[PDB]
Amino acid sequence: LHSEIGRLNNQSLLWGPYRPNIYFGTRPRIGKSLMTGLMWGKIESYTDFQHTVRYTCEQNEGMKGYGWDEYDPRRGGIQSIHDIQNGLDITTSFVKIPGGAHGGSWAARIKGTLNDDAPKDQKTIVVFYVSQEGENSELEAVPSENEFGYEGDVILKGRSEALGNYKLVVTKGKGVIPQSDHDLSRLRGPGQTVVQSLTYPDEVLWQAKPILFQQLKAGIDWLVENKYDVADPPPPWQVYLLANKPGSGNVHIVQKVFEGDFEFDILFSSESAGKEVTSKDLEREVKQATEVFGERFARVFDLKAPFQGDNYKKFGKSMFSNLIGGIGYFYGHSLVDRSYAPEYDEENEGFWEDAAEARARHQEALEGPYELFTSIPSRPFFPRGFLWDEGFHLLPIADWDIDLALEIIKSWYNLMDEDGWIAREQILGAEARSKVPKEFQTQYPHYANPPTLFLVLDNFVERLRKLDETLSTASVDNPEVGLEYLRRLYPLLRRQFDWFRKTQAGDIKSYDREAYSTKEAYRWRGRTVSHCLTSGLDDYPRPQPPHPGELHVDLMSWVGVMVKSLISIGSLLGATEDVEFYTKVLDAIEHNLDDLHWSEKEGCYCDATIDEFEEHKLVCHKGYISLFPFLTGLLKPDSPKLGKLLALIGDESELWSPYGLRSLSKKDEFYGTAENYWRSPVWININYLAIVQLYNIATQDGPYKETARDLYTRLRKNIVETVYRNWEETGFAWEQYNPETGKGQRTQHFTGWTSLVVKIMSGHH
């Protein structure tokens, strides 16, 4: 029955708009298969279209906003694009119809509505782009009755081993199609839908924009050749309408020109299913999907006071839909340095200069291919997997569809190498590589990243302890299924644990360092003078200079998080030899956090180094780092240390702003310095951890109960209102929030762990 549920999940999740890097497009969870993409742009002149056309996601002054209004990857949803430049408000509805043996059918409706500023007679070019990779697969446009293009629907017939037999139809659609009186209409028609079928080597099929432009250019070249000129030029839109040449190939370009408002549909019909999909089907399923989404939202994200109002409900649906609608499928090679140069060991003073020299050797090579199914921090700026981000993305996703979250964990864990390493950024394939400068593509097997995915696993364990509806929860309703999942995953968690202890170990025994355990001390590899990218907290101030004797209290705390889950899961599997080892490490970390990291003087945790004169020195920068033992759930509810941290969190002159907890204290010398990334702004992921821990203390007998209750209440309020006010004003979730003004700054469309705000509002942790 475990294998049964796995097959049902496979079939359920196969199709999706799993191309978050573009406004709109579909692909299935198969590396080499069928992919679709939407392009549009107004055409007003002979040279404007190339600047107006939209394809990959961006955010600038010309695009007001975009995102999913509702989305469930099992069913589909609706996306809204608000394009100032092209004067267009676009709707893309996408829906899945289960059936057959090949992962079902789907349909999309693309609807374009001119805004008020647009000339009533704007010409808009719309392109649907279709590609198929594979050695033994086929795809063909059925030619039209008419000479020059299509009066009605365009039918593509294809086949592959992955998908079997299928048909993809691009319907005729509603809207005025402009007509030309030019001479040229005698050879190119007066204006009609057109198809060009082409073939390129598989590996470049993804470059839709250049492929399309290469065709437009050849069209124009043909004009110049055949004596069409400025004596008497055809209208711009006709100059950019391709000559109709349907046939067979691995690329098919469907082009339409509309005057005024438009709509058309794409229907993908799996032949192995019932009868083929119709437009009337699409409308039904769209309506049905909405109802289903609505009802689930109210059960799963039941917003509590003072956020019960409809305004906060629209806000919640927007934050949730955009996070889950980021889910993508990636496939291809990664760029890894597998030299393991000894300089990466970072054992010397000045190691950063060594490791730069090792990097300058450039021994990195492509390897793979790999696949990943994952949600993403930002469609326009970060459309790929990020290790510790995913930990946060999956927390609300898990509430919604636990089986989906587990799928994404499985996907992530399947990437882990024999050593136990997973790269912190997953850039798979040329398409993903295309948005990342070369200098930043290379992953390093010594670079770790917070194991935030353990948090999601914790939520699963506690739920396990105490047809789409059925599938979404199958892994908790069927305990044998739950356990088998953990059984298969458990070894890899353990490998990761050990990998941490091997590669990220700090130096106790070689120094004048007294402490309860000789084993337990951690230092992030990869740090520069200015940065510690691997910790997640890029420029949070650390010991200067960096030094092989550093210990990092955040890293040690993460280790604690892992052991606690390893205990929980190990128990469920009866791996007693293991569970006993874990307990001794937990015990040691608890003592060692105190022995090595606690400053009695400052009243918080700190990172350590080694002096000019070789003694252990604590270095305190009051901020997120300082609270780590608390945020990660390691301190007992009656601890005096905890009480002292509650004082720190509450203190307006340190961390507590009207807008949330500041990343760094206003008292710290490093406040608001350098790039001021993690040196003062309010970050929702860390605020979320605090809100959760405060709630724990608040709902449990103890000395800090009512102080925590007070902080919980006010912090939940502050964080939600900050993210909400900004959403109301700007349309966007932001990466971080300004502690002085409350304004969102840095990356937009950050959904992204900012979306955790849905879980904060709904509460009852």
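From 1 onward, residues are counted along the sequence shown.
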Pick between 514 to 522 and 325 to 333: the one whose mean CA B-factor in the entry is higher. 514 to 522
Out of 416 to 424 and 272 to 280, which one has CA B-factors that are higher on average in the deposited record? 272 to 280
For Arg488, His393, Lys256, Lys317, the deposited C-alpha B-factor is largest at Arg488
By the CA temperature factor listed in this entry, which of these ranks top: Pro640, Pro178, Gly104, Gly385? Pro640
In terms of the chain's CA B-factor thirds, is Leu8 lowest, middle or highest? highest
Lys705: CA B-factor among chain residues, third -> highest
For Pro543, the third of its chain by CA B-factor is the lowest
Taking the C-alpha B-factors as the PDB entry records them, is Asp507 in the lowest, middle or highest third of its chain? highest
Which third, lowest, middle or highest, does the C-alpha temperature factor of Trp400 belong to within its own chain? middle
